[PDB]
A.B. asks: 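Below is the structure I would like to discuss, written out as structure tokens.
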Amino acid sequence: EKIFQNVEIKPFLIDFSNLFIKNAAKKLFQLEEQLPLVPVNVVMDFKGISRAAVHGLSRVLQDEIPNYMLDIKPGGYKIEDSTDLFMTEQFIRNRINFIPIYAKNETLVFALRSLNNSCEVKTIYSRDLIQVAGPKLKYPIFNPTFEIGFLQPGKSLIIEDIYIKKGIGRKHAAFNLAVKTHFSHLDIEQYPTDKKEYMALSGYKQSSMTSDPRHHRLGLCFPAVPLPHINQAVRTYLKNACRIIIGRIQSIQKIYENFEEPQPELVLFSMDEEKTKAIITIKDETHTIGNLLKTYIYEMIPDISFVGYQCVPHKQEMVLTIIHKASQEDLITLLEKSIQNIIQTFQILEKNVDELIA
Amino acid sequence: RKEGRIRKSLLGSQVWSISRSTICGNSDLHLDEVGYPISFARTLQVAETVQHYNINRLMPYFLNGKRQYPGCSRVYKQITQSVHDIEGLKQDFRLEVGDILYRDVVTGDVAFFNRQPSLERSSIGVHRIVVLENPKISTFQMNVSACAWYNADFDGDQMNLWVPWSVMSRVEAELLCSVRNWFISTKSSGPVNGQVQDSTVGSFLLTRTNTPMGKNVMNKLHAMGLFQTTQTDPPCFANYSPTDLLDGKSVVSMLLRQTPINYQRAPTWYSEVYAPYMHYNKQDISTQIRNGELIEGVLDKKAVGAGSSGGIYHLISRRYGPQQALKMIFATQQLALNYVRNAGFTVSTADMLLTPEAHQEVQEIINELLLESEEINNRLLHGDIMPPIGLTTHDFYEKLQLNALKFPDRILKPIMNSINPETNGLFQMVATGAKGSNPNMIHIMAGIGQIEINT
Amino acid sequence: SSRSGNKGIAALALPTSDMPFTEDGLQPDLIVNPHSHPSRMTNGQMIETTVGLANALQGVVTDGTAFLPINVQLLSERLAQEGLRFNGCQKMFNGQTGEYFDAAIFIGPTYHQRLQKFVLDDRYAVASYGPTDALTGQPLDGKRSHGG
Amino acid sequence: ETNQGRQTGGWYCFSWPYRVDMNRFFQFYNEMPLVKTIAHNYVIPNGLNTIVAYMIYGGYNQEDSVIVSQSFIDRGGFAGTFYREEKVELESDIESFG
Amino acid sequence: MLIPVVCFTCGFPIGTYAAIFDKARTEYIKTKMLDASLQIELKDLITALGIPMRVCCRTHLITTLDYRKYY
RNA sequence: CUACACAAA
Ligand SMILES: [Mg+2]
Ligand SMILES: [Zn+2]
């Protein structure tokens, strides 16, 4: 049913009742209201779902959902002769790559044509990132308050090909989306760890080597979503994460369905006492899919001889090993139905996302 | 001189086909495996003479060339007596019997690993090459348990690595200089490798009877997950239900059943200096393994530690061979690390802080020491210090002061009253033999005492 | 290295999802083995972490100069007053599996230094050919001479 | 630390762009220590206030190894520019650049 | 050379409020009166900025050196 | 190549 229960969405807002904050924002940004893009803290309660699935959703939302960043095309940084010698290409590119953007269009291209004709050091801000291509921006994709850099007197900084690049966060952290805010299990009792007799323990009354929590509270912060369309952005993020997990799982469903053909990413044995060993190696696969697969195969086959995976940091792959007292067809059927259960779980998650955020 | 003809040019040599890089740790490498960056694997080459039996295997290397890995760099033509670079060898496209192909280093190749200074017989050992295909890695990765061969650590140490390319040198590297031959010290006749640091304390935590949460048990899923990275044939859990609870000793025995040994010894965990304090569990203070079954007791430095004569790995080597001992070291290390993946281990500033009562007790002990020293001084003032023959009054007074200011063995009582042995990371590191000593804990928590230079 | 002299070589780099995180989402930049402490006695780093945990919450920068009066009990009580545990330990979850550790993990801000010893500079690999000495006919010496 | 505190990367010079220096590393981001000492009243602090977890995590940090956050590396943690120089003299009128 | 665009540890965008924080902190230190300035608590200022009570984010916000203050 | 200096283990 409703696996994804109550959600609390709370944007992070500048408190302008603070005199110093308001004075600084007014004097150097002429800003009296909240910024166009705000960090949004989404706290989600999940009931009746394995911790593997909730943590897989969290991991995907962190650094496995595709994201967009601003990058400079090679040759975009103009060397020229009056350019600032302290604002190197590498420093400025690092600053630009990590500006959180909420971009709905990949075609947008920006430029930074800054010049310091004063006698003092001038600071380049994100408000100086002028759009030079793509459709005219009806809403900003980044906040104009970032300090891109500072120009020495008489110096300039021209960057001409600041474009929008897509990727995932595990390849490069500039595509990281969600920062972790809270994770807890609501169906495991907790100690009062303020006491000296519990402060060396996690706090949970059950050892993690035996506990199987099914009620979780997951809090994730999204770095820059538009102020009016907060719920829409959060819903899109959650649904996209669920779809990403479903697609990556279907990538293995296809491998199972092609088991009669000897594909290199799935091998099967006939070890001994009716037991067959299934080893599924998938390159560039993370702990999300391996842990989801192991958990759901285990849930389908509680009497399994062995199920386990390993994502060695080198070899850049996930290897899942299943040993079961069954035929190869029987084991493949069981694995297929476990994958179907994973897909059904995340489809229900997507549906509940739609019904909740609304 | 050291840099003359003999010692520099004759007794030593500068050599080609050799690499050097910083070494880091890699828990997923076997003890007889070294991680080789792919950039170095395409620099160092293996000379493979082309014959009929290996032409099909050498064909992919030739076709890949220097463009894709695994490839090659040079081909020696038999009928030309000339080497040709592969990039310029577009017009040859023909490998003849008697040709020598210089192909890239691949996973499974033998390589000589060396750390300087080379003081021991194990300072040069042969490891199986595991090529790290990540281009961002330029370190020589090795298992932390292999460091005992070279007296190495990962604080900036650099090691030489060269891959034998000749058939004779490769044969002898595989058969003679493999690190399985240096598992037993030529010096002390005992084992060289074993669990170090994280794995020693992890073995203790896994095999200890009771945790602060109760009995040290895990469900079937976590018992299975302990064997995920062991890289051997996993045991069978078909007779275990998800609700069933397995002890750490049960899974350890499931690992140790492959090479059954008999072991009976008290662990490092059980010390008489801690016996007046603590509450030693009866099942923890006597380690017994019967035919691979860990009947009782914890596994720590005495049983699984590196250089532990009579330890479980020494027995495994004696009964099944040193290579089996290396494989068992890797497997037990994986078990311990996968256990601590859930148990967790830490050290905190509060782990080394005495309670106010224990602080007052330590102050009283130090005050009694200073009182005895002041009594000796009062005796000196009255001329009551009478040295023995052959000792001056100054030397006798110095000996009296040195003995008076020694910390009593009861200095551990306030330390251990402030310590929970079940949750103290510092104490558990010290007591299990993973790292640290009783003087370390006393210096950190109670007091340094008397500084002695040349006794 | 830290300011207490604890050298370290970067052995593994993990993505943000693989790194352990506290209940409130805090995750480390570096993971330092607890076995580096007991023999090396670098308690200053440990105390600095304990103090900086409360400094970050209070938004202050305090003085940790040597021989200034120090009371580790009062610093731990300061941690407790800041809303943390008496020790700086927290409930941590494994990033790769999502399962909490049974032990609370000591995590906090420890000032770390990047020593100018770069593996890209230190690494060297030479093939079977290169410049040789005119006299001995042996390879030249080391990376600088492009063979050795 | 006295030895290691002097090989630490940082702002090795404040006038680096006008210098052609060799084997010099300029680290972009520097932080004051959260627990500073009096030495930072007179010299610039080199380094960052990294969050450090003192824990066993897979046995990759044993024997002085450290596990780093790839994201912390990507964001600029201890990132900088290494500089080398290539000075070549013209000797006499015989040689020229072309 | 500046406060980073995002927190080095978790990637939270503290660079959004880096400039406002710098100038508001200079102002708030001025009314509160080199070392005594560093011991002024900025918890309320950073909270009013919208930054959460995160050890890493406040650490990198308050400790990062500004190159413009030194060059 | 011959000093010398600064470093690493
Ligand atoms: Mg060393
Ligand atoms: Zn942060």
Side-chain angles (χ1 to χ4, degrees), chain B residues 1-10 12-14 18-25 34 112-120 122-125 138-142 144 146-162 196, chain C residues 1-2 5-11 33 36 39-40 112-125 130-148, chain D residues 1-10 12-13 19 21-27 46-47 61-66 78 80 82-85 87:
Chain B
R1 312 312 261 151
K2 171 216 319 296
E3 67 281 334
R5 174 81 43 246
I6 299 166
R7 294 185 50 176
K8 150 159 272 278
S9 304
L10 282 168
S13 66
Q14 293 268 337
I18 179 168
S19 44
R20 178 167 189 106
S21 186
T22 306
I23 52 147
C24 70
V34 60
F112 279 91
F113 218 10
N114 166 238
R115 195 192 93 98
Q116 282 98 358
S118 301
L119 312 159
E120 309 268 64
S122 42
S123 264
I124 305 177
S138 37
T139 32
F140 287 166
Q141 315 207 316
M142 89 211 272
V144 74
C147 281
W149 282 313
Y150 316 96
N151 189 43
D153 41 12
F154 309 130
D155 70 318
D157 293 41
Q158 279 190 80
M159 262 168 102
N160 278 10
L161 200 149
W162 75 87
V196 289
Chain C
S1 147
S2 75
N6 264 105
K7 268 173 302 312
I9 287 277
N33 207 223
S36 46
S39 53
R40 300 197 229 283
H112 265 255
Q113 330 163 300
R114 190 223 183 124
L115 311 190
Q116 291 175 55
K117 296 275 319 167
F118 310 97
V119 61
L120 287 160
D121 291 6
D122 303 359
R123 67 152 183 196
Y124 183 53
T132 64
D133 199 336
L135 173 54
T136 53
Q138 265 163 218
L140 282 192
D141 277 50
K143 186 157 92 109
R144 207 148 72 180
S145 314
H146 296 115
Chain D
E1 153 68 8
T2 64
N3 280 289
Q4 300 159 191
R6 295 181 292 111
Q7 330 170 339
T8 295
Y12 77 93
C13 209
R19 311 178 43 112
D21 269 311
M22 165 96 204
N23 296 333
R24 291 277 82 72
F25 176 70
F26 177 80
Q27 168 180 306
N46 322 279
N61 40 351
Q62 327 198 37
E63 293 250 55
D64 301 298
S65 293
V66 177
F78 298 126
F82 191 72
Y83 286 111
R84 274 198 249 254
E85 82 165 346
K87 180 153 138 164

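In what follows, chains carry the letters A, B, and so on, assigned in the order in which the sequence lines appear, proteins first and then strands, with residues in each chain numbered from 1.
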A.B. asks: Does a side-chain heavy-atom distance below 4.5 Å link C:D141 with B:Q14?
C.D. replies: yes

A.B. asks: Going 5' to 3' on RNA chain F, which nucleotide is the first and which the last to come under 4.0 Å of a heavy atom in chain C?
C.D. replies: F:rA8 to F:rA9

A.B. asks: Need to verify one output field. Residue with the more 5' nearest nucleotide on RNA chain F, C:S145 or B:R20?
C.D. replies: C:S145

A.B. asks: May I ask you to test the C:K143-C:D122 pair for a side-chain heavy-atom distance under 4.5 Å?
C.D. replies: no

A.B. asks: Assign D:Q7 to base, sugar-phosphate, or nothing according to its heavy-atom contacts below 4.0 angstrom with the strands shown.
C.D. replies: sugar-phosphate

A.B. asks: Just checking, any donor-acceptor pair under 3.5 angstrom between side chains of C:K7 and D:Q4?
C.D. replies: yes

A.B. asks: Does the side chain of B:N151 reach to within under 4.5 Å of the side chain of B:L119, using non-hydrogen atoms?
C.D. replies: no

A.B. asks: Determine the contact category for C:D122: base if any of its heavy atoms lies under 4.0 Å from a base atom, sugar-phosphate if only primed atoms, P, OP1 or OP2 are that close, otherwise nothing.
C.D. replies: nothing

A.B. asks: Under the ring-ring contact (aromatic ring centres under 6.0 Å, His included) rule, collect the residues that match up with B:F154, sequence neighbours excluded.
C.D. replies: none

